[PDB]
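Take a look at this one chain, the form solved without ligand URA, written out in structure tokens.
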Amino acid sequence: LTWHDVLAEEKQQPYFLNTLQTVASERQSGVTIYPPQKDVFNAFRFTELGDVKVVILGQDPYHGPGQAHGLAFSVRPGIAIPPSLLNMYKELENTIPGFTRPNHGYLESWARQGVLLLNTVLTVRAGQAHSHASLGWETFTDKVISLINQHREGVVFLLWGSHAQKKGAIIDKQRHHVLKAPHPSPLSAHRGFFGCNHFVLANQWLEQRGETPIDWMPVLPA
């Protein structure tokens, strides 16, 4: 089963086609939009439906130049590690043996292992956070989640923050494994994120089902 097969009908909806249209019209009139158009759907390219093992939900892309590249939380090589990702690394340093702070924030190796890094809103206008909200993306990603719920079994969902947790109501908690915690953001990290053990719990779930664990140590492609 591929994304192509399940999303076939959705790509035909007027609303979805008009979301793409609005973005295209904005790019043409001189508005800078992130990520680049070719990267907008990278999460789907690197992690195929049948390969999904873990889903980590994000909000919208980074709005600074050279940051976002189509994956939630990840930034290109050479870009400073953002606060939330830095906190995620810290959680990894004191919960996983042999893990050491990577020195870059590029997470393609996670996606390649079955970790779907999905943002709920797929585009953003430069320097304007949450500027592409309520345009159609949420409706589309709601459907993506609903499809994983329906066509897969035993997937782990890491829902951080209240906004992401609400989106986790569509998920069948018996067929799938849902884990919740405060957002990794510095404002809330000390109220539950640090010590949530999500990365360990995630691997334990996979191990008991007879699946390979995730090597959370990010690697720069050579």
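We number the residues from 1 along the sequence you see.
One more form of this protein should be noted, the form deposited with ligand URA bound, which is absent from this view; the next part is about it.
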| item | value |
| --- | --- |
| Contact check for 34, 132 and 136 against ligand URA in the deposited bound form, heavy atom at 4.5 Å | no |
| In the deposited bound form, the one of 111, 148, 72, 92 near ligand URA [non-hydrogen atom within 4.5 angstroms] | 72 |
| Residue (of 193, 46, 157, 62) lying close to ligand URA in the deposited bound form, criterion heavy atoms within 4.5 Å | 62 |
| Contact flag, residue 123 vs ligand URA in the deposited bound form, heavy atom cut 4.5 Å | no |
| Residue 161 within 4.5 Å of ligand URA in the deposited bound form, heavy atoms | no |
| Residue 168: touches ligand URA in the deposited bound form, heavy atom cutoff 4.5 angstroms | no |
| 4.5 Å heavy atom contact, residue 53 to ligand URA in the deposited bound form | no |
| Contact segment among 38-46, 169-177, 25-33, 53-61, judged by heavy atoms lying within 4.5 Å of ligand URA in the deposited bound form | 53-61 |
| In the deposited bound form: members of 181-208 within 4.5 Å of ligand URA, any heavy atom | 183 |
